[PDB]
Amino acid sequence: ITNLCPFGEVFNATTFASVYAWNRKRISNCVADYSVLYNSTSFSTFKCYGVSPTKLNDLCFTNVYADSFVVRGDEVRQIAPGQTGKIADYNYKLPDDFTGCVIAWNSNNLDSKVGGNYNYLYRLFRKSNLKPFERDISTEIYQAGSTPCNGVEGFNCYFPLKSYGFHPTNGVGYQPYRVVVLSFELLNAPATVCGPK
């Protein structure tokens, strides 16, 4: 109604979450200004599906969900509907019917250091693809061979989480990108997230 939506704490947080454990924050009962969210730079991307971004400043929604995580530059294309890859299949999955926006920007000045920043992780192996908006934070030994693993990281038995190596001299495709996925939902309840208008 009168309060302001805390989009600052989502887009401009000090440290983001790994893609395999992606963070979700519910936005409700507030007024949102979508023209001021992030710093638009040469590399930032703003991809909306099923909703016009030039109009949602005049739109109202029941609730808004903001999913934030850090992903390699080459893999930012995977945060879309109908995509495959290690990120879309195992870490984060948008449904083929997605009605929202995907905002991403380069963060090589924040999430990369001279020795290499290995605090961001991603899932490399999984026995099945993720359902849309499913999250998997399980550390369990992946069984690639026919023999069981029983929690042992030996041979054909791999630890599922690998580490992103973020160096400042990496190529654009290997540089860290911060991504925020906005989901705008409409229910039988009255709307609570409107723009200034």
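Counting begins at 1, following the sequence as shown.
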Output the stretch having the higher mean C-alpha B factor in the entry; the candidates are 141-149 and 66-74.
141-149
Given the B-factors recorded for C-alpha atoms, which segment has the greater mean, 17-25 or 180-188?
180-188
Report the option among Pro53, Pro160, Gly154, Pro132 whose CA atom has the maximum B-factor in the deposited record.
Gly154
What third of its chain's C-alpha B-factors does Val193 belong to: lowest, middle or highest?
lowest
Sorting the chain's CA B-factors, does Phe43 end up in the lowest, middle or highest third?
highest
Would you please rank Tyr34 by its C-alpha temperature factor against the other modelled residues of its chain and give the third it falls in: lowest, middle or highest?
highest
Compared with the other modelled residues in the chain, in which third is the CA B-factor of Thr84?
middle
The third of the chain into which the C-alpha temperature factor of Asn108 falls is the highest
